[PDB]
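Report on the following structure.
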Amino acid sequence: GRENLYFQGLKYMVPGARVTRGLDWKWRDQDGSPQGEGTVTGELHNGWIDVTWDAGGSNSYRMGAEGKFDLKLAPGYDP
């Protein structure tokens, strides 16, 4: 039994969080390298979260918006 994905989004999508793409990703190669990782840079806004990728691009991803979760916490990141 776990908190739903919206609750997880609220708990984990905070500045500094390390992420990769996740289940609902539909954003082509924006993660910048295969299996690329990134850092969340802000707070949730209308269910979207900002990420700066290690490859260097900055953009926004759904983590609740549209009922979709585009990211996953990166391997080795355990807050």
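Counting neighbours? That spans all protein chains shown, and the Cβs are built from the backbone with ideal geometry, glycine included. Every read-out reported here was derived from the displayed coordinates using simple, explicitly stated rules and does not represent laboratory data.
To keep it simple, each residue is scored yes or no on (1) over 16 Å from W27 (Cβ atoms); (2) touching a residue at least 12 places away in the same chain (Cβ under 8 Å); (3) buried (at least 17 other Cβ atoms within 10 Å of the Cβ); (4) not basic (K, R).
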| position | (1), (2), (3), (4) |
| --- | --- |
| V40 | no, yes, yes, yes |
| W48 | no, yes, yes, yes |
| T52 | no, yes, no, yes |
| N59 | no, yes, no, yes |
| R62 | no, yes, yes, no |
| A65 | no, yes, yes, yes |
| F69 | no, yes, yes, yes |
| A74 | yes, yes, yes, yes |
| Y77 | yes, yes, no, yes |
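Assigned to a strand (DSSP E or B), over 19 Å from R2 (Cα atoms) and small (G, A, S): is that true of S33 in this structure? No, not satisfied. Do we find that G1 is in a loop (DSSP other than H, G, I, E, B), of a type outside the set (A, V, I, L, M, F, W, C) and touching a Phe, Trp or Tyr at 6+ places or on another chain (Cβ under 7 Å) in this structure? No, not satisfied. When the residues of region 13-38 are filtered to those that are of a type in the set (D, E) and touching a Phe, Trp or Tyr at 6+ places or on another chain (Cβ under 7 Å), the one that is surrounded by the most Cβ atoms within 10 Å (Cβ to Cβ) is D31.
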